[PDB]
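Below is one structure, written out as structure tokens; comments come after it.
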Amino acid sequence: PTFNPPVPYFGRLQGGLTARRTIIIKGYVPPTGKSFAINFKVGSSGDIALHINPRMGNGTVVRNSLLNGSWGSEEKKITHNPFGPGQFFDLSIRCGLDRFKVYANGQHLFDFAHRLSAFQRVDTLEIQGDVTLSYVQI
Ligand SMILES: O=S(=O)(O)O[C@H]1[C@@H](O)[C@@H](CO)O[C@@H](O[C@H]2[C@H](O)[C@@H](O)[C@H](O)O[C@@H]2CO)[C@@H]1O
């Protein structure tokens, strides 16, 4: 469902992941949470074009890709962490031509350049772990 979807969330992306297409994830980080992930995925159990992994322990926002069975290099740099314990967040993820463009609460969070080149192949949004979702628009 679009409203209060229970985690783990599986929502399929109509026509594949198109360019110009924005996904909205509004949610809540529990105080007793350590890790959650947002996965843009080729098939229900395949390649992860974009893996996004807020980790509360060290307060990192880990971006990576899982391609051909292996994790590439992590990108960690941010100017802010909206996923602090007990915080609500409003994420806007836009699939661009050369990058994903990611905003949290209206503030730019990260860009992640496509490594899975043909980003169209992505057909599965996957959210898992320590997060409470209030609204998910694909
Ligand atoms: O969903 S999982 O693939 O099972 O979880 C892993 C992912 O979040 C990837 C993304 O890069 O990280 C894996 O672990 C890392 C960890 O970030 C790093 O600190 C450590 O030194 O290397 C790992 C790989 O062995 C997660 O397990």
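Ordered as shown in the structure tokens, chains take letters A, B, and onward, while each chain numbers its residues from 1 and ligands are numbered from 1 in the order shown.
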Segment 48-54 of chain A environment, 6 Å, only C-alpha atoms, sequence neighbours closer than 4 positions dropped, as a short mmCIF file (atom, residue, chain, number, x, y, z; two decimals) with C-alpha atoms, in the first residue's frame:
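File written: out08.cif
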```
data_model
loop_
_atom_site.label_atom_id
_atom_site.label_comp_id
_atom_site.auth_asym_id
_atom_site.auth_seq_id
_atom_site.Cartn_x
_atom_site.Cartn_y
_atom_site.Cartn_z
CA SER A 35 20.04 0.05 10.49
CA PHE A 36 17.59 0.25 7.59
CA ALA A 37 18.04 0.10 3.83
CA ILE A 38 16.35 1.43 0.71
CA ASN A 39 17.14 -0.81 -2.31
CA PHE A 40 16.48 -0.09 -5.95
CA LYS A 41 16.59 -3.56 -7.33
CA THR A 60 26.46 7.06 8.53
CA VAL A 61 24.43 7.17 5.33
CA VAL A 62 26.03 4.38 3.26
CA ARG A 63 25.44 4.31 -0.52
CA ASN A 64 26.57 1.36 -2.66
CA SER A 65 25.60 -0.94 -5.55
CA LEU A 66 25.31 -4.73 -5.58
CA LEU A 116 24.27 -0.03 -13.28
#
```
Surrounding residues of residue 89 of chain A excluding itself and chain neighbours under 5 positions, 9 Å, only C-alpha atoms, as a PyMOL selection string: chain A and resi 25-29+82-83+104-105
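Restricting the calculation to only C-alpha atoms, the smallest distance between residue 72 of chain A and any of A:137, A:11, A:84, A:47 is found for A:47.
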Strand (DSSP E) positions in segment 17-66 of chain A, given as a count of residues only: 29
Minimum-distance residue to ligand 1, chosen among A:42, A:109, A:67, A:118 (using only C-alpha atoms and all ligand atoms): A:67
Residue 6 of chain A environment, 10 Å, only C-alpha atoms, sequence neighbours closer than 5 positions dropped, as a ChimeraX atom specification: /A:1,127-128,131-134
Point-to-point distance in Å for atom CA of residue 92 of chain A and atom CA of residue 106 of chain A: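 We find that atom CA of residue 106 of chain A and atom CA of residue 92 of chain A lie 7.9 Å from each other.
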Residues near residue 13 of chain A, cut-off 7 Å, only C-alpha atoms, skip fewer than 4 positions along chain, as JSON, numbers by chain: {"A": [17, 123, 124, 138]}
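Closest approach to residue 2 of chain A among A:69, A:16, A:90, A:23 is made by A:23 (distances from only C-alpha atoms).
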Selected residue of minimal separation from ligand 1 among A:46, A:15, A:85, A:5, counting only C-alpha atoms and all ligand atoms: A:46
Proximity to residue 108 of chain A - best of A:125, A:86, A:78, A:31, only C-alpha atoms: A:78
Spatial neighbours of residue 99 of chain A, 10 Å, only C-alpha atoms, chain gap at least 6 places, as a list in words: residues 19, 110, 111, 112, 113, 114, 115, 117 and 119 of chain A
Nearest to residue 93 of chain A by atom-to-atom distance, counting only C-alpha atoms, from A:58, A:32, A:44, A:22: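 Ranking A:58, A:32, A:44, A:22 by distance to residue 93 of chain A, first place goes to A:22.
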